[PDB]
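Trainee: Residue numbers (UniProt numbering), protein chains in the order written: chain A, 86 to 324; chain B, 164 to 217; chain C, 4 to 60; chain D, 10 to 379; chain E, 10 to 379; chain F, 3 to 76; chain G, 3 to 76; chain H, 111 to 156, 161 to 176, 184 to 227, 235 to 274.
Every residue gets a Cβ at the ideal spot worked out from N, C-alpha and C, and that includes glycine.
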Amino acid sequence: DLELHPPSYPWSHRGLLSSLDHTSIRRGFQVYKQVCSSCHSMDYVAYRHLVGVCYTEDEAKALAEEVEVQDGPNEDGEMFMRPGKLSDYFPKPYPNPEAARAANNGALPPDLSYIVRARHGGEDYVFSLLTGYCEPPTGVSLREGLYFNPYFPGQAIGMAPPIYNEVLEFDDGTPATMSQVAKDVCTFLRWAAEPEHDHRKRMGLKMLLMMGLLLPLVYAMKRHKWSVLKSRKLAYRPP
Amino acid sequence: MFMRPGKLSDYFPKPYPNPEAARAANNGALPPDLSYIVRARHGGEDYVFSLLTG
Amino acid sequence: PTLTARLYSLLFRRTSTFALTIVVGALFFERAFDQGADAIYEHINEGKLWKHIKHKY
Amino acid sequence: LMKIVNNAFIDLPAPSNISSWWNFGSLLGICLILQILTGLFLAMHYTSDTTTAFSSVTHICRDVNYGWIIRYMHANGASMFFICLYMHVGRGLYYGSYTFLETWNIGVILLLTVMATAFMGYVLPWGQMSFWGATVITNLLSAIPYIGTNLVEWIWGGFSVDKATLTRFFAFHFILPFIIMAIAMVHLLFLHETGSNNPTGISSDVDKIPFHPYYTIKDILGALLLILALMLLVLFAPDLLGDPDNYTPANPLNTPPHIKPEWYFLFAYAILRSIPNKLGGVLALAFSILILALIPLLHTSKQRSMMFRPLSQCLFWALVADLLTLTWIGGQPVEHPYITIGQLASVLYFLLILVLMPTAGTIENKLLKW
Amino acid sequence: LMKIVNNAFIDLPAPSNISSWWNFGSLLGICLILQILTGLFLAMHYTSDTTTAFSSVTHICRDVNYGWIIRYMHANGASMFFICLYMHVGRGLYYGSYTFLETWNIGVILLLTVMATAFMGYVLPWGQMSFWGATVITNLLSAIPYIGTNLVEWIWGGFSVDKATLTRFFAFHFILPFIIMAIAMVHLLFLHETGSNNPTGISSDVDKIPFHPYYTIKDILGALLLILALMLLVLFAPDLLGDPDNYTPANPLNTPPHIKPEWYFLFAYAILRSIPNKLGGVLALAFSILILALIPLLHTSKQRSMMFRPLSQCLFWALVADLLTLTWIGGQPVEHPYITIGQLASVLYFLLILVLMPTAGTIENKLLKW
Amino acid sequence: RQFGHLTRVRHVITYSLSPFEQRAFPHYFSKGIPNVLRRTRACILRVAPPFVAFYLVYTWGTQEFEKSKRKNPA
Amino acid sequence: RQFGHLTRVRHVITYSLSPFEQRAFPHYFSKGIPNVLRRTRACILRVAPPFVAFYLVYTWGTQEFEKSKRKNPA
Amino acid sequence: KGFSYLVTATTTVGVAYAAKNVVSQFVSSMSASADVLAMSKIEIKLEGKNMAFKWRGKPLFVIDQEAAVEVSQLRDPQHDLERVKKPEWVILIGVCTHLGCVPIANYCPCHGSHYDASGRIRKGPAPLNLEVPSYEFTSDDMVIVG
Ligand code: HEC
Ligand code: HEC
Ligand code: HEM
Ligand code: HEM
Ligand code: HEM
Ligand code: HEM
Ligand SMILES: Cc1nc(CO)c(-c2ccc(Oc3cccc(OC(F)(F)F)c3)cc2)c(O)c1Cl
Ligand SMILES: Cc1nc(CO)c(-c2ccc(Oc3cccc(OC(F)(F)F)c3)cc2)c(O)c1Cl
């Protein structure tokens, strides 16, 4: 019946000059691949956007060579599959929404490209969503496939629990606990809906140290001219 | 996806899904569409008539 | 004379010079202000940016 | 030689007692140019088709070299636009400028031009509020008898919003600011026959002064604070005003729970939402705006300003509250605690204008014997 | 009260000895409005994306209620535009109006605005000549050293024409006629300080007359013949001028045998085509237009007109031939019989302007002793 | 600028009539058509000959173009 | 309209100084801040109380909204 | 007069900085996006056929008797193996040198400029042999044209 407001968690990027821990973006991408990318059709991104952020050219290009992509009209007049390249977007899980509803209990995974900015609270929601699965309360009954989580509206979701402790293992070898996963993924998703965060703050910073420096000087140049008339005495000297 | 009988709102059933298969189903050459071929070819009708009958 | 008065009669008097001065200072100013913020931004976000994780990969 | 027209903008006589309020009257010249300038480069990549539009936005926000900025300098810039208006419009009320009857009426047609423009500007990217925000506002004209279903179908190019109704706006929308750019010049022309209108209300002809050194730099100073308070939004909080839903693709088979158009309608949207009747609330809406044309026939005090009318001051800023209320009350859903406020506040809006602001001068004339 | 400016258009003094030539000077006010009016409704359905554009044209030509007209009132209307120009521009030469130095230079910048507009207007629908017509004209700027490859790539949004380069025009193209709509008002303002310039060349101040009854209806009569000679094209021969290929979809892997842009460049395209060198022909092109700015420094006769200069008449209409030649010679392919003509005719163009038209007045001054 | 200070006139008289008191098209055929000819004879000589020569270079330009495509005896 | 025929003035004297001969911001802190207060006391009474009441209807409007969602004892 | 005007300059200093950047921000929008560049350098290609494939929105046209032709006789003196790296893999940008058209393999149609199997000119309004791009062979079954 009620909503639920997530709290105001800290982050490595909540500050007005705090960028993203790009390391935290790295392991988060592993999570999207091992787990999410079986059902989450992220379409508005490609591996080439990962360069200069979390991976390199070769390491990312390795991942396009990994998965096959539908591309090309053959001279025979057919289409085939090839290893992906950088310019190809993420391999979509399913060709359309309906098959995703049929491959679930009628429900549709929303994309994760802009979900963070498209959901009130964004990260705090999404983090506290995954980490808010709990046994139902008294008096509540729920159909098959559905589950309980308060943060989602209606408190009834068709979300199979996707995360569990050591569902996978990362490269550098950090503790793959349910939380540390949830950070690096939520750190990732913000980057998806903001490939400009690093540069947003740079011009985010360069602005002030111009305007804070200019704005007085102008405010002097204003007062430099007006001072003729900020300082003016009049009179009335008839006969 | 499936097949149904056409209705009025559907355009003409396209012969081939793409140009290439039309080139492969011919000697490498491609039939041009006939929608605007008349106005897209000098003379139009007289050409096209005298093409078949030439 | 102060620096100010020495500065006036050299540059800020002749308008042809006064415009020549500004692009000069701006041309060098672009070279400092960027280095400043890029380092402060680097400094405040130490251990987060790509160039800080550019050697591992 | 035509430069001599810029006697209007160089050697113009204008007062000396002038606040920083009137900078707001000038910033729109910057916002109007700044928005078009941005929006133009912006629209080198937009696409007026459904299947590609939302992608054609993200084509900018991701791949373009600094294209991501231009969406937000434009969008939030469109909001700093209004923030100047609803200080610029409330001005002449509080300083008595509406007396320039030839000018105030122009001050309407600019507004209605925008409030039908900015609407078109929200719907282009198909943000799942675009569509329904297009539906809710546009459907109201169906309330009319014997033509409502015909016009709305006519503007829906059919029977509801679709690919055609997008493209009918992107051309109606990429054009009107020029019509504003022109009519704005008219809005200044009728002024130039009389000049400005001081806070006091007095003809300060004895104390008019130039414009090139003094109000120019002041306007720049005014402009400088604008860019500042526009860079902050784009750089530090672009998600602030624009509802988050506008990043979701649009689907007619799924509504959000809560719907609201962008924040700035809400003083007016709420007025309609108060009335449970359909039509009889609409004509309050259009009258909620066109009432500004009805004011100059309600200037009672043989004074002009409100600097010298402390009673009307108590009623003026009161109106600002009711707006700041109706700005928010519409922004929240339809439930019993708030509906009781809209039935009051919306009536207060019409009430303060059409009863009491005249009544003050009717009194204040009498406290001072005329 | 601002109506009093239409002293310019109501109570204006103007001559009485006036031909129907000067109607052409007025029709552009109609063509400019008529084109935008059409093109606006037209662009309610156009799409700035490749895959749908050519369909989005046929979306009009077939399915829209009387949408098929608007393509052709617009397109051929854009050609009746020029037909007025190249009678309107040749005028002041033959009647000596270029002496209004403040005005003639404006008469250039309108033209170059259009000849970079109309170009953008041909490429929107991807007619297989759009693309290559975009390629041939745009590639020439690559001839420049050290920036050619950079600009053309910069305007190609990359490395050749593609989806982006379409959309970079549809916004550059849907805007400029307003810039023409404004600059046109400037083009009249400098005039209003001096008024028109009779066929004789004499200050007819003694015989200036009103404008509301007389030249108004005459302009309408002028306008009526325009619509007539515009309805004929659209109704009876829309395929006439526009090359037939423009209905073919565009494909970079198949060129037509013969290429030409639309007919009206051809006086200028041919000039480039004559020169086998790349760059040195370009600067003839831009000079083939900007030479009009160079004329007023070559007014030799202490008379003005050419009504009273029978020798220059023999050279003026001669220039019209060379244009009517170069209009056609460019329209035909590159082969030996014609190339020998372009090497001559293009030189004749520069030659008649810069040598002989001065030389006439240098003589005609002397035949009559001044 | 407007009527009132343009220039000077002295001792000139104007006679002008209503339109209602006169036919619109008097002597349209009678006096006009001789005036069309006199109008025409005074322009024709220095208007055509370029366009005349054009008809010949539109003539020879195509004929000489047609031949070049026809084979030679070889 | 411009300077020269606006209106009449008689027997008034103006004393004005260059900017260069004076500081830009004299007594910015000294005389201004008392003038800010006097400026403030003359507006505060007839500016706030609506906005004060707004803080209460933004207050009671949410509290009374929160309760209505909480269940009743039934 | 020095101190006050010094403010005016240092103002104008910062104006140019903010202006020099912001202007180039837009101008980089008119430039090529990021998507186009990823399709710029890469072209992963793979005997007796006229292989012409689109690339950079331009064509990609891809030895016993070819070497027989005299280079001194050619309008542009240039040998085959100067143009190519492998003998049996011809590469060139399919741009008729005259006025930018699409030649046909087994030939500039708009002006009838005869070309070899290698793309060198034999009869031309075409002045030069056709442009060859810079490229690279990773392996004998793939190419990196760029
Ligand atoms: C079993 C396939 C699958 C797995 C694996 C998976 N997802 Fe989901 N996801 C779904 C489906 C199905 C929904 C539908 C939820 C709904 O309808 O409310 C969903 C919903 C979501 C949502 C939408 C939240 C909302 O408000 O509806 C987010 C965010 C999300 N998943 C993130 C994740 C993350 C993070 C992971 C890995 C920890 C993950 N998904 C793994 C299928 C999956
Ligand atoms: C065998 C399948 C087939 C048949 C049946 C067929 N077409 Fe063609 N059409 C083609 C192909 C293949 C071409 C390619 C011609 C070319 O490449 O020049 C073509 C070319 C054309 C053209 C193009 C003319 C041009 O200038 O290239 C026209 C027009 C045309 N056909 C009309 C017709 C008409 C009329 C008929 C029935 C009388 C017809 N087609 C039946 C396959 C076919
Ligand atoms: C007063 C004038 C205008 C107003 C009030 C207005 C309103 C808006 C608004 C509020 C948005 C927000 C979309 C978003 O944030 O995602 C927008 C986007 C857009 N504006 Fe407008 N606009 C105006 C003029 C223009 C102009 C002048 C142009 C072009 C020169 C333009 C082109 C666009 C386009 C193509 C979009 C889609 C981009 C997007 O949705 O982000 N608009 N407009
Ligand atoms: C794009 C929109 C607009 C532009 C460009 C614009 C421009 C201006 C400018 C430059 C001024 C002179 C500055 C000043 O007097 O404070 C002015 C004054 C004025 N404007 Fe606006 N304005 C716009 C919208 C409006 C609107 C919506 C109204 C609504 C009533 C309005 C009403 C007025 C009035 C009454 C004045 C009187 C000036 C005075 O009292 O001295 N204007 N306008
Ligand atoms: C002097 C101004 C302009 C010129 C010279 C010009 C030129 C052209 C030309 C030659 C075409 C031919 C396309 C065809 O026939 O198929 C065309 C089409 C088009 N015009 Fe423009 N145009 C002008 C202004 C405009 C304006 C003002 C608009 C909108 C208000 C516009 C929008 C379009 C569109 C969308 C098309 C595509 C339709 C088509 O290709 O048929 N143009 N334009
Ligand atoms: C949209 C484009 C244009 C518009 C709307 C326009 C409008 C006009 C009008 C209404 C007149 C007065 C009628 C007349 O004097 O015959 C005029 C005159 C004139 N125009 Fe155009 N014009 C345009 C383009 C040009 C161009 C391309 C030139 C090129 C030189 C030009 C040069 C002149 C000149 C020299 C006059 C002198 C008037 C006189 O001699 O009495 N104009 N223009
Ligand atoms: C008193 C007073 N008066 C005037 C004009 O009389 C102005 C004033 C001065 C200059 C103006 O010129 C501009 C500048 C930018 C955009 C603009 O719009 C547009 F789009 F050009 F029509 C007008 C517009 C208004 C002013 O700023 C003040 Cl404070
Ligand atoms: C001698 C002479 N003079 C003038 C103006 O001085 C005009 C003349 C009269 C009216 C004009 O007004 C118009 C009418 C329609 C469109 C137009 O374009 C626009 F509005 F600028 F885009 C201008 C423009 C020019 C004229 O037709 C003749 Cl013949």
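Ligand 3 and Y131/D: does the residue's C-beta get closer than 7 angstroms to at least one heavy atom of that ligand?
Mentor: As a first step, residue 131/D must be located in the fourth sequence, where it is residue number 122. The answer is yes for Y131/D.
Trainee: Any beta carbon from chain A within less than 8 angstroms of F245/D's own beta carbon?
Mentor: By one-based count along the fourth sequence, residue 245/D stands at place 236. At least one chain A Cβ lies under 8 angstroms of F245/D.
Trainee: Shortest alpha-carbon distance to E153/A belongs to which of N159/A, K315/A, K310/A, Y174/A?
Mentor: By one-based count along the first sequence, residue 153/A stands at place 68. Of the listed residues, the one whose Cα sits closest to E153/A is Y174/A.
Trainee: By the three-class DSSP mapping on this structure, what secondary structure does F56/F have?
Mentor: Start at 1 with the first residue of the sixth sequence, and residue 56/F comes out as number 54. Of the three classes helix, strand and coil, the one that applies to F56/F here is helix, per DSSP.
Trainee: Would you check if the region 16-32 of chain C and the region 114-122 of chain H touch, i.e. whether three or more CB-CB distances between them fall below 8 angstroms?
Mentor: As far as the Cβ criterion goes, the region 114-122 of chain H touches the region 16-32 of chain C, which means the pair count is three or higher.
Trainee: Check the DSSP bridge columns for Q155/A and list the partner residues they point to.
Mentor: As a position in the first sequence, residue 155/A is number 70, starting the count at 1. DSSP, once it has assigned bridges, lists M166/A as partnering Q155/A.
Trainee: Per DSSP, which residues does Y243/H bridge with? Please list them.
Mentor: Position 115 of the eighth sequence, counted from the first residue, corresponds to residue 243/H. According to DSSP, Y243/H bridges with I249/H.
Trainee: Using the rule of at least 16 other Cβ atoms within 10 Å of the residue's Cβ for burial, across every protein chain shown, is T371/E buried or exposed?
Mentor: Indexing the fifth sequence from 1 puts residue 371/E at position 362. Classification for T371/E: exposed.
Trainee: When you compare only the Cα positions, how much space is there between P247/D and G339/D?
Mentor: For the purposes of this step, residue 247/D is taken as residue 238 along the fourth sequence, with counting starting at 1. For the purposes of this step, residue 339/D is taken as residue 330 along the fourth sequence, with counting starting at 1. If you take the alpha carbons of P247/D and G339/D, they lie about 22 angstroms apart.
Trainee: Figure out for me which residue from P266/E, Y358/E, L376/E, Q312/E has the closest Cα to the Cα of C236/H.
Mentor: Locating residue 236/H in the eighth sequence gives position 108, counting from the first residue. Checked all of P266/E, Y358/E, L376/E, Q312/E; the closest Cα to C236/H is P266/E.
Trainee: What ranges does the alpha helix (DSSP H) occupy inside the region 46-92 of chain E, keeping only unbroken runs of at least 4 residues that lie completely in it?
Mentor: 59-67, all fully within the region 46-92 of chain E.
Trainee: Alpha carbon to alpha carbon, how far is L150/E from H221/E?
Mentor: Start at 1 with the first residue of the fifth sequence, and residue 150/E comes out as number 141. Start at 1 with the first residue of the fifth sequence, and residue 221/E comes out as number 212. Near 48 angstroms, if we compare the C-alpha coordinates of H221/E and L150/E.
Trainee: Quick one: what does DSSP say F245/E is sitting in, helix, strand or coil?
Mentor: For the purposes of this step, residue 245/E is taken as residue 236 along the fifth sequence, with counting starting at 1. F245/E falls in the helix class under three-state DSSP.
Trainee: Could you pull the start and end residues of the alpha helix (DSSP H) that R317/A belongs to?
Mentor: The count along the first sequence starts at 1 and reaches residue 317/A at position 232. Looking at the DSSP string, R317/A is not in any alpha helix (DSSP H); the run it does join, the beta strand (DSSP E), is 317-320.
Trainee: By Cβ distance, which residues of its chain are closer than 6 angstroms to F91/E, with the 5 residues on each side in sequence left out?
Mentor: For this step, residue 91/E is matched to residue 82 along the fifth sequence. Answer for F91/E: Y273, listed in chain order.
Trainee: Would the beta-carbon of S139/D be found less than 7 angstroms away from any heavy atom of ligand 6?
Mentor: As a first step, residue 139/D must be located in the fourth sequence, where it is residue number 130. No, the Cβ of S139/D stays beyond 7 angstroms of every heavy atom of ligand 6.
Trainee: Whole angstroms is fine: what's the gap from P253/E's alpha carbon to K269/D's?
Mentor: Counting from 1 along the fifth sequence, the entry for residue 253/E is found at position 244. Counting from 1 along the fourth sequence, the entry for residue 269/D is found at position 260. Their backbone Cα atoms lie some 51 angstroms apart in a straight line.
Trainee: Determine, using beta-carbon pairs with one atom in the region 122-140 of chain D and one in the region 253-262 of chain D, whether at least three such pairs fall under 8 angstroms.
Mentor: These segments touch.
Trainee: Specify the secondary structure class of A23/E as computed by DSSP and reduced to three states.
Mentor: In the fifth sequence, the residue the question calls residue 23/E occupies position 14. Strand.
Trainee: Could you check whether the region 164-182 of chain A touches the region 246-261 of chain A, counting it as contact only if at least three pairs of C-beta atoms, one from each stretch, sit closer than 8 angstroms?
Mentor: Touching, no.
Trainee: How is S213/D classed by DSSP in three states: helix, strand or coil?
Mentor: Taking the fourth sequence and counting its residues from 1, the one referred to as residue 213/D is at position 204. Coil at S213/D, not helix or strand.
Trainee: So for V216/H, helix, strand or coil by DSSP?
Mentor: Residue numbering aside, residue 216/H sits at position 95 when the eighth sequence is read from its first letter. Three-state DSSP puts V216/H in coil, outside helix and strand.
Trainee: To the nearest whole angstrom, what separates the beta carbons of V146/H and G167/E, a pair I think is in contact under 8 angstroms?
Mentor: Within the eighth sequence, numbered from 1, the residue matching residue 146/H stands at position 36. Within the fifth sequence, numbered from 1, the residue matching residue 167/E stands at position 158. Confirmed, Cβ separation roughly 4 angstroms.
Trainee: Roughly how many angstroms lie between the CA atoms of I47/C and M315/D, to the nearest whole one?
Mentor: Start at 1 with the first residue of the third sequence, and residue 47/C comes out as number 44. Start at 1 with the first residue of the fourth sequence, and residue 315/D comes out as number 306. Taking the straight line joining both Cα atoms gives about 51 angstroms.
Trainee: Rounding to the nearest angstrom, what Cα-Cα distance links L94/D and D20/D in this structure?
Mentor: Here the question's residue 94/D lines up with position 85 in the fourth sequence. Here the question's residue 20/D lines up with position 11 in the fourth sequence. Looking at the two C-alpha atoms, the distance is approximately 27 angstroms.
Trainee: Could you tell me whether any non-hydrogen atom of ligand 8 is closer than 7 angstroms to the CB of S205/E?
Mentor: Residue mapping note: residue 205/E aligns to position 196 of the fifth sequence, counting from 1. Yes - ligand 8 has a heavy atom lying nearer than 7 angstroms to the Cβ of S205/E.
Trainee: Pick helix, strand or coil for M316/D, following the three-state DSSP scheme.
Mentor: Against the fourth sequence, residue 316/D aligns to sequence position 307. Three-state DSSP puts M316/D in coil, outside helix and strand.
Trainee: Check whether chain D comes within 8 angstroms of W311/A, counting only Cβ atoms and requiring the distance to be less than that.
Mentor: Position 226 of the first sequence holds residue 311/A. Yes - at least one Cβ of chain D is within 8 angstroms of the one on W311/A.
Trainee: For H13/G, would you say it is in contact with chain A, using Cβ-to-Cβ distances shorter than 8 angstroms as the test?
Mentor: If you number the seventh sequence from 1, residue 13/G lands on position 11. With 8 angstroms as the cut-off, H13/G counts as an interface residue toward chain A.
Trainee: With distance defined between alpha-carbon atoms, name the residue in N257/H, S262/H, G221/H, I272/H nearest to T147/E.
Mentor: The residue given as residue 147/E occupies position 138 in the fifth sequence. With distances taken between Cα atoms, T147/E lies closest to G221/H.
Trainee: Are the CB atoms of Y236/A and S213/A within a distance shorter than 8 angstroms?
Mentor: On the first sequence, position 128 is the one that residue 213/A refers to. On the first sequence, position 151 is the one that residue 236/A refers to. In contact: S213/A and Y236/A (Cβ atoms closer than 8 angstroms).
Trainee: Compare the C-beta of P260/A against all C-beta atoms of chain D and say whether one is closer than 8 angstroms.
Mentor: As a position in the first sequence, residue 260/A is number 175, starting the count at 1. By this cut-off, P260/A is not an interface position.
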